[PDB]
Amino acid sequence: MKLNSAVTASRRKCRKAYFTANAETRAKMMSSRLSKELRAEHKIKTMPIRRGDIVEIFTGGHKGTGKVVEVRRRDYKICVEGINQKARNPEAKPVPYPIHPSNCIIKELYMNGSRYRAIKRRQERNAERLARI
Amino acid sequence: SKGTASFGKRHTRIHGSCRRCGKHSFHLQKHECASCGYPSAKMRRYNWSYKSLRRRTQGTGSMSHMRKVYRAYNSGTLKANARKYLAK
Amino acid sequence: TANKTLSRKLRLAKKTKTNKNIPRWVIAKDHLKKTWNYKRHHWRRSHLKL
Amino acid sequence: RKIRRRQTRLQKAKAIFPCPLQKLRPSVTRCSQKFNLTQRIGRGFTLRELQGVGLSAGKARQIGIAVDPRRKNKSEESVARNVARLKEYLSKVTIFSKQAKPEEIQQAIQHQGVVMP
Amino acid sequence: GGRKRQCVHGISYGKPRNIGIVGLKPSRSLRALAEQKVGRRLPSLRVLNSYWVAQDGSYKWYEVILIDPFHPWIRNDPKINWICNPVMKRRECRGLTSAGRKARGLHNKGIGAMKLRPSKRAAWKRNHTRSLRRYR
Amino acid sequence: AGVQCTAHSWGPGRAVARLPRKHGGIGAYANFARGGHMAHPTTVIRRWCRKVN
Amino acid sequence: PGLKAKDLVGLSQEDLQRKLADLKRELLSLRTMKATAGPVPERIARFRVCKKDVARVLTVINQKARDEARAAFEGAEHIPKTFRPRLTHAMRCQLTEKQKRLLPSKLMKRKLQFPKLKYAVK
RNA sequence: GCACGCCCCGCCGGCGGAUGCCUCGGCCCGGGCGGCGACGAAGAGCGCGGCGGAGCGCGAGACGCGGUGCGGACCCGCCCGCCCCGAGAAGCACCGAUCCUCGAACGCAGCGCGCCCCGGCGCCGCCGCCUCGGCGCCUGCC
RNA sequence: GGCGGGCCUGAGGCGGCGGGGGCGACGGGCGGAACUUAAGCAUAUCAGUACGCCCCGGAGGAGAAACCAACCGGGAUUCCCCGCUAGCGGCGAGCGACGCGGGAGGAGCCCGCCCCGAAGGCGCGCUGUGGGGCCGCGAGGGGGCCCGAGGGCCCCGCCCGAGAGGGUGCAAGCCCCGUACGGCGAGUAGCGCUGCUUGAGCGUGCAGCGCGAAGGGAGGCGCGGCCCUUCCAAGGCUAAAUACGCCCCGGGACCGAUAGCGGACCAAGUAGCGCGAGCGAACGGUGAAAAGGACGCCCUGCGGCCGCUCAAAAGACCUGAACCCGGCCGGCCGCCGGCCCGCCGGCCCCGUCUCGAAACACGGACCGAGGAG
RNA sequence: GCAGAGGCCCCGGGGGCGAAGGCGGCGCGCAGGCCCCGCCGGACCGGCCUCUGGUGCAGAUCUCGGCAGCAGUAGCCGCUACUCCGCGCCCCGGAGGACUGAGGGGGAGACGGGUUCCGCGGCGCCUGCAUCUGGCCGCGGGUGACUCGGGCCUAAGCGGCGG
């Protein structure tokens, strides 16, 4: 059970948080498990999804691997490259099938310079936790 | 003649717009506002209608200065207050 | 009326300026679905300043 | 309300660790013939009761004994009962003075509830 | 003189007990009326107390001591800095002056004053409150 | 609840029912009416706690 | 993105005042072009950048004048209301802690005569 | 008779929005708070977005501007703008300003009109100060 | 009769500062109803209420006895528990405190008077100043079957200081976010007459007026005497315990779109109505994803058709009832009973008051939801 | 019987291998009702014990929503009036025939409306028949003053005034 009474277990209040979250919270909420190779490399279980990330969806329709090309935060869904809806005619624009970030596992990350710093910041806080918090 | 025929002779505005409340309540002959109370300095509020009180009240508008100063009191206006209370 | 005052004319001109339908691009951006302003007034059926 | 009142007492108690929350108050006969032979706690010690222990009103209040200058004893027995009660408190009270020796002020135990009920 | 009720045409329509306009006696003394009148005339100042100076067949004169709460001498004075506190704003409007407290009956203690202590209204509220405890 | 409307009965002689009606004749202030008060509204003064020795 | 405040903060007031007039004249041209655009414009991205640019230059000018004036009236009795500590209306009119804790000499001496002792009860 | 009209041996279609299921909303009950204003409040009017109606939010520096610390890639349409170990999208906090007209509402009216040096120009109090009135109590002088 | 100076009373300006107005609660001060109850109605009650006005504060008010008592006494105020009686009242209907006692919480003081007199807060003042919370990590799941999609089913593990919850394509401790675990005293008292008020009763508290003390007040039946107990009014301050909306935060044996706020719908005090004060709605839900309808055909075109996307059109929307209606399709017509089933036999329109209703008594076109111990 | 609560439902109740609900049809019960089956539907649902109630409708000139017969019914009977041809509309152009008849169905203002004004396009709304019309809808525009009026003066009046 939860001993911090300051937090809410109300279905209505919690759902409002998800539906109406600030962008900075929406981004963390949209996170995906790193692959076991990346877990050994960066020593972090999950990273928030970015645009340039190779991802393997283990979902039911559209299971596959792809690089994210669009992150739609308002719908809370990401669009990898490759995974698309069936096209009515061959001569038509391909529509990406929106996939939940939770339905996919990251295979490669866009390291940037802020992402390197963020992995370091988390690694330090995780080490302090591992030292008997 | 008591009804529709006499409705034809209506062609004047007895109430104009109020400087303070912006409502078609400012009598133009008597120079007073039916709802705002203008030209009185006290706003006209009567507890018999709470619905009227709800229609024009704090919070039915921007509440700009108050919102910012309430937020500031929650942050760092109390500490600035302590410096002037310490005074000289 | 042709002998109006600027302060009556300027409050009436706001209504003429804002009697507009939602821009079509706004409906597309917000997925509004309801495309009627509902604050729009037609001179014959309306009584502004009343 | 019980929770808020406990917290207020706990926070006030913390603010004066050695000092008890409650001041010594006198043993007074419950008023009326219906309770003549029972005693209860009263607002404060008379100045005659105070002279039995040789304490001024200021000193008594500074050492946590309440003082009532309004109360008049009304009997020789009341002075003696209250003078006795002050002597027990004065022996029980320990005054921490001349530089706060932290381990010895920390060692001190706050008395909780009515002093000498 | 005594009060005359402000009812138009001298008529107070209602049950017979409330039909009377000229024999009423004011609820507050003239000493208190004087303080309230000089409080409206000067809302910036605070009212200490009032003394009688003179009387005639139609008018009584009372003299009131008013304190400027924001003067340096008054603010920097331990004896009178209490008036500078904001709670003492318009004391004569709230019956806290001696004359006002005489009208409320607070000049009396014990028997007769038992139902008018925090206020006559507050005693009525406490006495007539129905306390529905959780275990009743 | 149900009593912030201003409704007074139109009365006998308008071929309507006698219940309180608003300005347009919309029924109001009655358990049967839509938007009317409950006939006996719930209260917070109910005894919630029972006593056991 | 347009002007950065850091470049403007370095500039002297005279250069900042020319900078504003040039952006104001440019704004009249940008608004004239929109009026004469007819069918449709090219999004006029320059227009927003130069409306926010006018704001930045005016912002820096105010800080340049506000600080200057705050320094000139520093420690003077009765400084301007704008530079006075913000507080609230009530806080200005509230008594200082010293004035609140001021005591009559007899009440001060007696408080000194019996200090608040710390004591424990067995 | 037929058609109609019913009844319904089933089948199919309208019309309506019941019933279910839900639900970023209420409502009750606890806490916390108690923080507006002549340094211009609350309220109101007008305006402000590249393409802009309502709402919001702002105020001619306008759908915002600056500072500091987070944050770390997006910004609902079309855009164009970012992207890069900082270069800096969304978002978050706190602070500095800007803040049109009305309004306690303050040169006078409410949209028109002054006086006056460039500062300005409302009222009532308190405390100083400056000027000065009185066949008030006097005092010289004449 | 002028001419200056000091005092005193005023006048104009200038400077510094302060006031004003807002808040549907709580709080103080006043002005103050009536419906109602009395089975009528005047006193009474409602009610020292609504409402009007004034005024603060985070609380306010109250407050260190001219107090209660009658004891083998207590000891400012406020608040709670208690007795709810003592009393009041066309002694009718009704109304109504308090002391005890048990708790919460506790804290005391000042001015005038008098003494000194400018030592003071010194342009004043001797008509008296001064002294006496933010930040932060965060555990552990696979295989098969099947499905549009597991979060399902079957086998078998793992993490639990975490099996509160929220999301994710179906019901997830291990897919994600989180959760548990952290870190940095005089025109007065009184009295006389009057009026309001109280349970206060030859007077509970006030008040007008007339009169006006010096030792004085009180002790729940007036008046005169004598005691006894017990206090010191006509000046002021004061924390705590207590009350409470807006707003923020959590929770509920609450409501679930005719319900719950009037208002769940991106614009509700809105749309609309009223000359105005004011009044005041309706409107939730496509899907997992807009994939929001491929292509061919016939159209002058409108649009039809074929089918397409989808798990499904779910096609402007979930489910899709009843009333009512149209096509086809039987049948001949209401209820009850018998029988193969269209014949025979029975059969007034219910609810309602009422001695008595099929009544030419009343309400009821129909159907759905809501609707009263 | 309903809606919730605390339990139970022998490997941890029933459920996308189909929940609630809707529609028909059996069975069971004296009945309130219950069960099952097919179909539609597309995510939840209970049996039993204990508990709680804003707990069951035919009526209230009941509320609110829908909606029938009537019924293709009553009506679309003020202002004398239209016709021919031309894309031919009640539109427009030409030809006729008329009407309002200078207290006008004329040309203009005050007030009240507040964009109705103008040009262009359009018929989905509206134009109680139609429309190719429009005061309707979309788009773009439109009101220029030393001499006209406001502003100024005073009127009836109203406000201000040490108080």
# chains A, B, ... in the order shown; residues from 1 in each chain; ligands from 1
$ closest_atom_pairs --of "chain D" --to "chain I" --cutoff "8 Å" --atoms "only C-alpha atoms (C1' of nucleotides)" --output "CSV"
residue,atom,partner,partner_atom,distance
D:28,CA,I:74,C1',7.8
D:29,CA,I:73,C1',6.8
D:30,CA,I:73,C1',7.2
D:31,CA,I:73,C1',4.7
D:32,CA,I:71,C1',5.1
D:33,CA,I:71,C1',5.5
D:36,CA,I:71,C1',6.2
D:37,CA,I:72,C1',6.6
D:43,CA,I:75,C1',7.2
D:70,CA,I:75,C1',6.4
D:71,CA,I:75,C1',5.9
D:74,CA,I:73,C1',7.9
$ interface_residues --of "chain H" --to "chain E" --cutoff "9 Å" --atoms "only C-alpha atoms (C1' of nucleotides)" --output "PDB file with N, CA and C atoms (P, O5', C5', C4', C3', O3' and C1' of nucleotides), in the first residue's frame"
ATOM      1  P     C H 124     -10.621  68.703   1.370  1.00  0.00           P
ATOM      2  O5'   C H 124     -11.125  68.195   2.792  1.00  0.00           O
ATOM      3  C5'   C H 124     -12.210  67.261   2.899  1.00  0.00           C
ATOM      4  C4'   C H 124     -11.809  66.090   3.758  1.00  0.00           C
ATOM      5  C3'   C H 124     -10.724  66.354   4.781  1.00  0.00           C
ATOM      6  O3'   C H 124     -11.179  67.098   5.898  1.00  0.00           O
ATOM      7  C1'   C H 124     -10.369  64.252   3.762  1.00  0.00           C
ATOM      8  P     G H 125     -10.153  67.713   7.005  1.00  0.00           P
ATOM      9  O5'   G H 125      -9.976  66.515   8.052  1.00  0.00           O
ATOM     10  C5'   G H 125      -8.887  66.579   8.986  1.00  0.00           C
ATOM     11  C4'   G H 125      -8.342  65.193   9.204  1.00  0.00           C
ATOM     12  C3'   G H 125      -6.898  65.139   9.697  1.00  0.00           C
ATOM     13  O3'   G H 125      -6.843  65.330  11.101  1.00  0.00           O
ATOM     14  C1'   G H 125      -7.141  63.690   7.865  1.00  0.00           C
ATOM     15  P     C H 126      -6.221  66.680  11.770  1.00  0.00           P
ATOM     16  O5'   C H 126      -4.977  66.117  12.583  1.00  0.00           O
ATOM     17  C5'   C H 126      -4.975  64.755  13.026  1.00  0.00           C
ATOM     18  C4'   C H 126      -3.635  64.122  12.763  1.00  0.00           C
ATOM     19  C3'   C H 126      -2.443  65.057  12.819  1.00  0.00           C
ATOM     20  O3'   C H 126      -2.012  65.401  14.127  1.00  0.00           O
ATOM     21  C1'   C H 126      -2.249  63.658  10.936  1.00  0.00           C
ATOM     22  P     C H 127      -1.700  66.924  14.468  1.00  0.00           P
ATOM     23  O5'   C H 127      -0.112  66.980  14.501  1.00  0.00           O
ATOM     24  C5'   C H 127       0.657  65.822  14.849  1.00  0.00           C
ATOM     25  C4'   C H 127       1.909  65.792  14.020  1.00  0.00           C
ATOM     26  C3'   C H 127       2.554  67.141  13.790  1.00  0.00           C
ATOM     27  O3'   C H 127       3.293  67.583  14.912  1.00  0.00           O
ATOM     28  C1'   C H 127       2.464  65.967  11.749  1.00  0.00           C
TER      29        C H 127
END
$ interface_residues --of "chain E" --to "chain I" --cutoff "7 Å" --atoms "only C-alpha atoms (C1' of nucleotides)" --output "JSON list (two decimals) with N, CA, C and O atoms, in the first residue's frame"
[["chain", "number", "residue", "atom", "x", "y", "z"],
["E", 1, "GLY", "N", -32.57, 63.79, 22.84],
["E", 1, "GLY", "CA", -33.98, 63.37, 22.79],
["E", 1, "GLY", "C", -34.11, 61.91, 22.42],
["E", 1, "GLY", "O", -33.08, 61.29, 22.15],
["E", 2, "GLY", "N", -35.34, 61.39, 22.38],
["E", 2, "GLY", "CA", -35.58, 59.99, 22.02],
["E", 2, "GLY", "C", -35.64, 59.77, 20.53],
["E", 2, "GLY", "O", -35.81, 60.75, 19.80],
["E", 23, "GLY", "N", -42.22, 57.15, 20.70],
["E", 23, "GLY", "CA", -41.79, 57.03, 22.11],
["E", 23, "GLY", "C", -40.53, 56.21, 22.32],
["E", 23, "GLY", "O", -40.15, 56.01, 23.48],
["E", 24, "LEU", "N", -39.92, 55.73, 21.24],
["E", 24, "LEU", "CA", -38.72, 54.85, 21.33],
["E", 24, "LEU", "C", -37.55, 55.58, 21.98],
["E", 24, "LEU", "O", -37.44, 56.80, 21.79],
["E", 25, "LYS", "N", -36.72, 54.86, 22.72],
["E", 25, "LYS", "CA", -35.52, 55.46, 23.37],
["E", 25, "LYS", "C", -34.27, 54.93, 22.66],
["E", 25, "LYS", "O", -34.25, 53.72, 22.40],
["E", 26, "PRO", "N", -33.21, 55.73, 22.30],
["E", 26, "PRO", "CA", -32.09, 55.16, 21.55],
["E", 26, "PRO", "C", -31.40, 53.99, 22.25],
["E", 26, "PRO", "O", -31.28, 54.02, 23.42],
["E", 27, "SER", "N", -30.93, 52.99, 21.50],
["E", 27, "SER", "CA", -30.28, 51.80, 22.10],
["E", 27, "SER", "C", -28.88, 52.14, 22.60],
["E", 27, "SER", "O", -28.41, 51.46, 23.52],
["E", 28, "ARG", "N", -28.23, 53.12, 21.99],
["E", 28, "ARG", "CA", -26.85, 53.50, 22.38],
["E", 28, "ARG", "C", -26.90, 54.90, 22.97],
["E", 28, "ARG", "O", -27.70, 55.71, 22.48],
["E", 29, "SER", "N", -26.06, 55.17, 23.96],
["E", 29, "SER", "CA", -26.09, 56.50, 24.61],
["E", 29, "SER", "C", -25.61, 57.57, 23.64],
["E", 29, "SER", "O", -25.02, 57.22, 22.61],
["E", 43, "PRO", "N", -12.09, 58.81, 9.11],
["E", 43, "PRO", "CA", -11.88, 57.37, 9.12],
["E", 43, "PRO", "C", -10.41, 56.96, 9.25],
["E", 43, "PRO", "O", -10.15, 55.85, 9.65],
["E", 44, "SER", "N", -9.49, 57.85, 8.89],
["E", 44, "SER", "CA", -8.04, 57.56, 9.00],
["E", 44, "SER", "C", -7.60, 57.37, 10.46],
["E", 44, "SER", "O", -6.74, 56.50, 10.68],
["E", 70, "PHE", "N", -0.31, 56.17, 12.39],
["E", 70, "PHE", "CA", 0.94, 56.17, 11.59],
["E", 70, "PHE", "C", 1.89, 57.30, 11.99],
["E", 70, "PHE", "O", 2.88, 57.50, 11.28],
["E", 73, "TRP", "N", 5.74, 59.18, 16.68],
["E", 73, "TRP", "CA", 5.74, 59.21, 18.16],
["E", 73, "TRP", "C", 4.80, 58.13, 18.70],
["E", 73, "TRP", "O", 5.15, 57.54, 19.71],
["E", 87, "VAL", "N", -6.32, 45.56, 14.04],
["E", 87, "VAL", "CA", -7.59, 45.08, 14.66],
["E", 87, "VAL", "C", -8.30, 46.25, 15.34],
["E", 87, "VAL", "O", -9.52, 46.15, 15.56],
["E", 89, "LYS", "N", -8.93, 49.08, 14.14],
["E", 89, "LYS", "CA", -9.42, 50.01, 13.10],
["E", 89, "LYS", "C", -10.92, 50.17, 13.27],
["E", 89, "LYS", "O", -11.62, 49.15, 13.26],
["E", 90, "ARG", "N", -11.38, 51.41, 13.42],
["E", 90, "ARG", "CA", -12.82, 51.68, 13.62],
["E", 90, "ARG", "C", -13.38, 50.91, 14.82],
["E", 90, "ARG", "O", -14.27, 50.09, 14.62],
["E", 93, "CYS", "N", -17.09, 51.70, 15.53],
["E", 93, "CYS", "CA", -18.04, 51.02, 14.63],
["E", 93, "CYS", "C", -18.36, 49.63, 15.17],
["E", 93, "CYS", "O", -19.45, 49.13, 14.88],
["E", 94, "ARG", "N", -17.48, 49.08, 16.02],
["E", 94, "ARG", "CA", -17.67, 47.68, 16.46],
["E", 94, "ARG", "C", -17.95, 47.64, 17.96],
["E", 94, "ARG", "O", -17.81, 46.56, 18.53],
["E", 95, "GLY", "N", -18.38, 48.76, 18.56],
["E", 95, "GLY", "CA", -18.76, 48.81, 19.99],
["E", 95, "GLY", "C", -17.67, 48.42, 20.97],
["E", 95, "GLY", "O", -18.00, 47.74, 21.94],
["E", 103, "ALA", "N", -23.27, 49.95, 26.30],
["E", 103, "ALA", "CA", -24.53, 49.60, 25.63],
["E", 103, "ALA", "C", -24.64, 48.09, 25.50],
["E", 103, "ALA", "O", -25.76, 47.57, 25.63],
["E", 105, "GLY", "N", -23.58, 45.99, 27.54],
["E", 105, "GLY", "CA", -23.79, 45.43, 28.88],
["E", 105, "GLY", "C", -22.53, 44.82, 29.42],
["E", 105, "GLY", "O", -22.61, 44.12, 30.43],
["E", 109, "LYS", "N", -20.63, 42.27, 35.14],
["E", 109, "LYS", "CA", -20.15, 40.87, 35.13],
["E", 109, "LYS", "C", -21.01, 40.04, 36.08],
["E", 109, "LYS", "O", -21.60, 40.63, 36.99],
["E", 110, "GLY", "N", -21.07, 38.72, 35.89],
["E", 110, "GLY", "CA", -21.78, 37.83, 36.81],
["E", 110, "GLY", "C", -23.25, 37.74, 36.50],
["E", 110, "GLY", "O", -23.58, 37.67, 35.32],
["E", 112, "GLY", "N", -26.84, 38.38, 35.40],
["E", 112, "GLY", "CA", -27.41, 39.39, 34.49],
["E", 112, "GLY", "C", -26.57, 39.56, 33.24],
["E", 112, "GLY", "O", -27.12, 40.01, 32.23],
["E", 117, "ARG", "N", -21.78, 37.63, 27.02],
["E", 117, "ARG", "CA", -20.32, 37.78, 27.29],
["E", 117, "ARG", "C", -19.54, 37.85, 25.97],
["E", 117, "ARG", "O", -19.11, 38.98, 25.68],
["E", 118, "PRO", "N", -19.27, 36.78, 25.18],
["E", 118, "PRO", "CA", -18.47, 36.99, 23.99],
["E", 118, "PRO", "C", -19.31, 38.04, 23.24],
["E", 118, "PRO", "O", -18.76, 39.06, 22.89],
["E", 119, "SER", "N", -20.61, 37.82, 23.11],
["E", 119, "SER", "CA", -21.55, 38.79, 22.50],
["E", 119, "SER", "C", -22.94, 38.28, 22.85],
["E", 119, "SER", "O", -23.04, 37.09, 23.18]]
$ interface_residues --of "chain C" --to "chain J" --cutoff "9 Å" --atoms "only C-alpha atoms (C1' of nucleotides)" --output "list in words"
residues 1, 3, 9, 12, 13, 15, 16, 43, 44, 47 and 48 of chain C
$ interface_residues --of "chain E" --to "chain G" --cutoff "9 Å" --atoms "only C-alpha atoms" --output "list in words"
residues 70, 75, 76, 77, 78, 79, 81, 82, 84, 85 and 86 of chain E
$ write_last_selection --atoms "N, CA and C atoms" --output "PDB file, in the first residue's frame"
ATOM      1  N   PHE E  70      -0.306  56.172  12.391  1.00  0.00           N
ATOM      2  CA  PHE E  70       0.939  56.172  11.588  1.00  0.00           C
ATOM      3  C   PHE E  70       1.891  57.297  11.992  1.00  0.00           C
ATOM      4  N   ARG E  75       3.771  55.295  17.011  1.00  0.00           N
ATOM      5  CA  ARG E  75       4.245  53.942  16.618  1.00  0.00           C
ATOM      6  C   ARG E  75       5.394  53.523  17.524  1.00  0.00           C
ATOM      7  N   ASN E  76       6.289  54.461  17.812  1.00  0.00           N
ATOM      8  CA  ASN E  76       7.502  54.166  18.616  1.00  0.00           C
ATOM      9  C   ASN E  76       7.186  54.418  20.089  1.00  0.00           C
ATOM     10  N   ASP E  77       5.973  54.100  20.532  1.00  0.00           N
ATOM     11  CA  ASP E  77       5.636  54.268  21.966  1.00  0.00           C
ATOM     12  C   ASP E  77       5.039  52.966  22.477  1.00  0.00           C
ATOM     13  N   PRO E  78       5.655  52.292  23.463  1.00  0.00           N
ATOM     14  CA  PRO E  78       5.131  51.038  23.931  1.00  0.00           C
ATOM     15  C   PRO E  78       3.722  51.215  24.508  1.00  0.00           C
ATOM     16  N   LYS E  79       3.464  52.328  25.182  1.00  0.00           N
ATOM     17  CA  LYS E  79       2.146  52.554  25.821  1.00  0.00           C
ATOM     18  C   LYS E  79       1.001  52.644  24.808  1.00  0.00           C
ATOM     19  N   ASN E  81       1.157  51.921  21.292  1.00  0.00           N
ATOM     20  CA  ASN E  81       1.419  51.299  19.968  1.00  0.00           C
ATOM     21  C   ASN E  81       0.359  50.228  19.729  1.00  0.00           C
ATOM     22  N   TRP E  82      -0.440  49.944  20.746  1.00  0.00           N
ATOM     23  CA  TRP E  82      -1.519  48.946  20.595  1.00  0.00           C
ATOM     24  C   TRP E  82      -2.549  49.461  19.591  1.00  0.00           C
ATOM     25  N   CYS E  84      -2.092  51.172  17.000  1.00  0.00           N
ATOM     26  CA  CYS E  84      -1.537  51.050  15.637  1.00  0.00           C
ATOM     27  C   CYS E  84      -1.855  49.677  15.044  1.00  0.00           C
ATOM     28  N   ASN E  85      -2.100  48.666  15.875  1.00  0.00           N
ATOM     29  CA  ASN E  85      -2.461  47.322  15.357  1.00  0.00           C
ATOM     30  C   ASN E  85      -3.719  47.424  14.501  1.00  0.00           C
ATOM     31  N   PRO E  86      -3.806  46.716  13.357  1.00  0.00           N
ATOM     32  CA  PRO E  86      -4.948  46.843  12.447  1.00  0.00           C
ATOM     33  C   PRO E  86      -6.307  46.419  13.016  1.00  0.00           C
TER      34      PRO E  86
END
$ interface_residues --of "chain F" --to "chain I" --cutoff "8 Å" --atoms "only C-alpha atoms (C1' of nucleotides)" --output "list in words"
residues 1, 4, 5, 6, 23, 31, 32, 33, 34, 35 and 39 of chain F
$ select_by_dssp --residues "segment 58-110 of chain G" --states "alpha helix (DSSP H)" --output "count of residues only"
31
$ residues_around --residues "segment 132-142 of chain H" --least-positions-apart "5" --cutoff "8 Å" --atoms "only C-alpha atoms (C1' of nucleotides)" --output "list in words"
residues 2, 3, 4, 5, 6, 7, 8, 9, 10 and 11 of chain I
$ write_last_selection --atoms "C-alpha atoms (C1' of nucleotides)" --output "PDB file, in the first residue's frame"
ATOM      1  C1'   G I   2      -2.859 103.847  13.513  1.00  0.00           C
ATOM      2  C1'   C I   3       2.568 100.951  14.215  1.00  0.00           C
ATOM      3  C1'   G I   4       5.366  96.306  15.574  1.00  0.00           C
ATOM      4  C1'   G I   5       5.989  91.859  19.142  1.00  0.00           C
ATOM      5  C1'   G I   6       4.231  87.489  22.535  1.00  0.00           C
ATOM      6  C1'   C I   7       0.039  84.348  23.689  1.00  0.00           C
ATOM      7  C1'   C I   8      -4.569  82.272  21.833  1.00  0.00           C
ATOM      8  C1'   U I   9      -8.000  81.069  18.162  1.00  0.00           C
ATOM      9  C1'   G I  10      -8.536  80.427  13.161  1.00  0.00           C
ATOM     10  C1'   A I  11      -7.304  80.961   7.323  1.00  0.00           C
TER      11        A I  11
END
$ closest_residue --among "H:1, H:31, H:120, H:103" --to "chain A" --atoms "only C-alpha atoms (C1' of nucleotides)"
H:31
$ interface_residues --of "chain B" --to "chain C" --cutoff "10 Å" --atoms "only C-alpha atoms" --output "NGL selection string"
:B and (13 or 15-17 or 22-25)
$ write_last_selection --atoms "C-alpha atoms" --output "PDB file, in the first residue's frame"
ATOM      1  CA  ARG B  13     -33.357  53.908 -24.871  1.00  0.00           C
ATOM      2  CA  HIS B  15     -31.054  52.391 -20.097  1.00  0.00           C
ATOM      3  CA  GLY B  16     -27.554  52.854 -21.643  1.00  0.00           C
ATOM      4  CA  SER B  17     -24.175  51.160 -20.986  1.00  0.00           C
ATOM      5  CA  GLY B  22     -20.672  47.565 -19.054  1.00  0.00           C
ATOM      6  CA  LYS B  23     -24.342  46.546 -18.866  1.00  0.00           C
ATOM      7  CA  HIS B  24     -27.531  48.003 -20.454  1.00  0.00           C
ATOM      8  CA  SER B  25     -28.469  49.085 -16.927  1.00  0.00           C
TER       9      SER B  25
END
$ interface_residues --of "chain G" --to "chain D" --cutoff "8 Å" --atoms "only C-alpha atoms" --output "PDB file with C-alpha atoms, in the first residue's frame"
ATOM      1  CA  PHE G 114      13.113  37.030  36.317  1.00  0.00           C
ATOM      2  CA  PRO G 115      14.571  35.387  33.186  1.00  0.00           C
ATOM      3  CA  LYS G 116      12.958  32.270  31.615  1.00  0.00           C
ATOM      4  CA  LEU G 117      14.770  29.445  33.469  1.00  0.00           C
ATOM      5  CA  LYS G 118      15.075  25.925  32.007  1.00  0.00           C
ATOM      6  CA  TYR G 119      14.224  23.234  34.571  1.00  0.00           C
ATOM      7  CA  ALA G 120      13.106  19.575  34.673  1.00  0.00           C
ATOM      8  CA  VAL G 121      10.639  17.808  37.008  1.00  0.00           C
ATOM      9  CA  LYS G 122      11.453  14.303  38.369  1.00  0.00           C
TER      10      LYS G 122
END
$ residues_around --residues "segment 39-47 of chain A" --least-positions-apart "4" --cutoff "12 Å" --atoms "only C-alpha atoms (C1' of nucleotides)" --output "PyMOL selection string"
(chain A and resi 27-35+53+55+101-102+104-111+115-127) or (chain I and resi 137-140+175-177)
$ closest_atom_pairs --of "chain B" --to "chain F" --cutoff "12 Å" --atoms "only C-alpha atoms" --output "JSON lines"
{"residue": "B:48", "atom": "CA", "partner": "F:4", "partner_atom": "CA", "distance": 11.8}
{"residue": "B:49", "atom": "CA", "partner": "F:4", "partner_atom": "CA", "distance": 9.7}
{"residue": "B:50", "atom": "CA", "partner": "F:4", "partner_atom": "CA", "distance": 9.0}
{"residue": "B:51", "atom": "CA", "partner": "F:4", "partner_atom": "CA", "distance": 8.0}
{"residue": "B:52", "atom": "CA", "partner": "F:4", "partner_atom": "CA", "distance": 11.6}
{"residue": "B:54", "atom": "CA", "partner": "F:4", "partner_atom": "CA", "distance": 11.9}
$ select_by_dssp --residues "chain E" --states "strand (DSSP E)" --output "list in words"
residues 46, 47, 48, 49, 50, 51, 52, 53, 54, 55, 60, 61, 62, 63, 64, 65, 66 and 67 of chain E
$ closest_atom_pairs --of "chain B" --to "chain G" --cutoff "8 Å" --atoms "only C-alpha atoms" --output "Markdown table"
| residue | atom | partner | partner_atom | distance |
| --- | --- | --- | --- | --- |
| B:77 | CA | G:87 | CA | 6.6 |
| B:80 | CA | G:87 | CA | 6.9 |
| B:81 | CA | G:87 | CA | 5.8 |
| B:84 | CA | G:96 | CA | 7.5 |
| B:85 | CA | G:96 | CA | 4.4 |
| B:86 | CA | G:97 | CA | 6.2 |
| B:87 | CA | G:96 | CA | 6.6 |
